[PDB]
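Peer 1: here's a sequence, model it:
(3 chains)
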Amino acid sequence: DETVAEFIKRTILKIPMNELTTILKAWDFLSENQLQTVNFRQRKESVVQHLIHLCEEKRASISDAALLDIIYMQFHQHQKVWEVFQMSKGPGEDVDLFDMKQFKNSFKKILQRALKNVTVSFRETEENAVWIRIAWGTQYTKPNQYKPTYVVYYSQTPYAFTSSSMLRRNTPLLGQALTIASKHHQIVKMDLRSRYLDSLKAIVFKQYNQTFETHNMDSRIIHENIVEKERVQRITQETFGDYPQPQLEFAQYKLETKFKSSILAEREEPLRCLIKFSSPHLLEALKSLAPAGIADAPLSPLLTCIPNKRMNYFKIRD
Amino acid sequence: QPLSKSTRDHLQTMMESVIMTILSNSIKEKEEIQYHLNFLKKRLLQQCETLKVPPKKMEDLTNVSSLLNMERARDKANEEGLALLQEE
Amino acid sequence: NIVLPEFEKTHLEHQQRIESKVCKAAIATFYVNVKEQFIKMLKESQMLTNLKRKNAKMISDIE
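Peer 2: Numbering: from 1, shown residues only, chains lettered A, B, ... in the order given. I have put the structure below:
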């Protein structure tokens, strides 16, 4: 139909021209002999129109477009905000025997019996990763191809990543489907949201630190307070380590603590506050605060426990 | 309150169409019968203008069949979904 | 629903003037045609409104 062609055209237009050949090679839908016929030296619009002509000449379904969208999204994976989930199982359950076909069938059937019109697309890729693209819909509307939902699952692990696009009205349904298909008992949402998927992967699996130990100049200038400088350097090195820090860009704190300082001495109510830290590369600017003289030598634990406690949003009471 | 002009022009164009389709089969006594038809059509339009009816709101009638078909499809889909949910 | 009796008695208030057989036949034909059109239009309007409200009720119930 025309909707499929329009969706394919929009997807191709979204794809950059320099890496277009790689995307089409990875898609592996059109035959190889049909690729060299199109000249990529001309304008982008002419190439896009020619590819639309070729794909319309052949019988193209919506599955191919969904697979192309999945490939593009996993090649970019930085245009959306990702959230994490944690999954828990009973102590009396033995280790599960994971199977691809059973998981796919259960996940498809849960949504097919819950809703009526819904599109599901699967892609199994290396390091044991499963990408699921879901186009939502209901009984009285057709599935929407403009607001998809992306889910990344790791086999035999209690963690799953999701893209926060439109699931806010169907988040419990998605959680139930995930916890039923993979044979788990409870699902919870962790307070960890970020735009970089690799940083979340490193933090959740706590594999960001791989430093392992095994056996296998102007003397006329006098720097005073040198002992303080060496002490603060040692403290910073011990607290923040030496490994490259993961890349984060946001942190949020909520405070409900009392004010203690003559001033508001008789007040018995807390001082409600909300604080946001924003930076292109967090966890590295904070490392340079102590040497710059802006903060004290030992930083507050609320700022040096972001990767250890695996949280991004904090709430503090008295 | 008199009705809107949309239904008035709708009625007048249906009258024009029916007059044309009944005149297409006429062979004898051509011009006087169509003059009388136009006169009675104008008289009916005047009578409708002078009449009173509580107001009602809707849109153009050219999209009745498509809306009815999509409403039937939506009704069937909702009914089957509700039946499945109730059985579950 | 109120203009319908008026348009119904328009028939026999027009019958008292014309007397030609072919004109009478034509009058009756397009009169019954427009009456059928009016009835079908009103029924379609009512059932359209009923279907719309029923669809709204069912979508609310399923959600």
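
Peer 1: where's residue C:22 relative to chain A, distance?
Peer 2: 53 Å (CB to the nearest CB, to the nearest Å). (Each C-beta comes from the backbone N, C-alpha and C, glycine too.)

Peer 1: and the helices in the chain?
Peer 2: Since no chain was named, I'll use chain A. A:2-14, A:20-27, A:44-57, A:62-76, A:100-114, A:171-181, A:197-204, A:226-240, A:289-292, A:306-309 (DSSP state H).

Peer 1: my bad, chain B
Peer 2: Counting by DSSP H, the segments of chain B that form helices are B:5-23, B:31-50, B:64-87.

Peer 1: could you check how many residues crowd around residue A:305?
Peer 2: Using other CB atoms under 10 Å in any protein chain shown as the criterion, residue A:305 is surrounded by 13 other residues.

Peer 1: give the contact list for the residue nearest to it when sequence neighbours are not counted.
Peer 2: Leaving aside its sequence neighbours, residue A:305 sits nearest to residue A:311 (CB to CB, 6 or more residues apart in numbering or on different chains; 7.9 Å). Residue A:311 sits next to A:190, A:191, A:192, A:305 when contact means CB atoms under 8 Å, 6 or more residues apart in numbering or on different chains.

Peer 1: okay, the second one and residue A:141: tell me how far apart.
Peer 2: Residue A:191 sits 33 Å away from residue A:141 when distances are taken as CB to CB, to the nearest Å.

Peer 1: repeat that for the last one.
Peer 2: Counting by CB to CB, the gap from residue A:305 to residue A:141 is 45 Å.

Peer 1: do the first one as well
Peer 2: Relative to residue A:141, residue A:190 is positioned 32 Å away (criterion: CB to CB).

Peer 1: mind checking which of these two has more residues around it?
Peer 2: residue A:190 (16 against 13).

Peer 1: now do the contacts for the more buried one.
Peer 2: Going by CB under 8 Å, 6+ apart, the list of residues near residue A:190 reads A:84, A:85, A:86, A:310, A:311.

Peer 1: now do residue A:64
Peer 2: Residue A:64 makes contact with A:27, A:29, according to CB under 8 Å, 6+ apart.

Peer 1: rerun at 10 Å
Peer 2: Going by CB atoms under 10 Å, 6 or more residues apart in numbering or on different chains, residue A:64 touches A:4, A:8, A:27, A:28, A:29, A:30, A:55, A:58.

Peer 1: so which elements touch the lengthiest helix in chain C?
Peer 2: Longest helix of chain C, by residue count under DSSP H: helix C:21-62. Applying 3 or more CB pairs under 10 Å, 6 or more residues apart in numbering or on different chains; DSSP states H and E, we find helix C:21-62 packed against helix B:5-23, helix B:31-50, helix B:64-87, helix C:3-15.

Peer 1: run the angle between it and helix B:64-87 for me.
Peer 2: Counting by axes from the mean of the first three to the mean of the last three CA atoms, to 10 degrees, helix C:21-62 lies at 30 degrees to helix B:64-87.

Peer 1: how far away is residue B:13 from residue C:3?
Peer 2: Distance from residue B:13 to residue C:3, by CB to CB: 18 Å.
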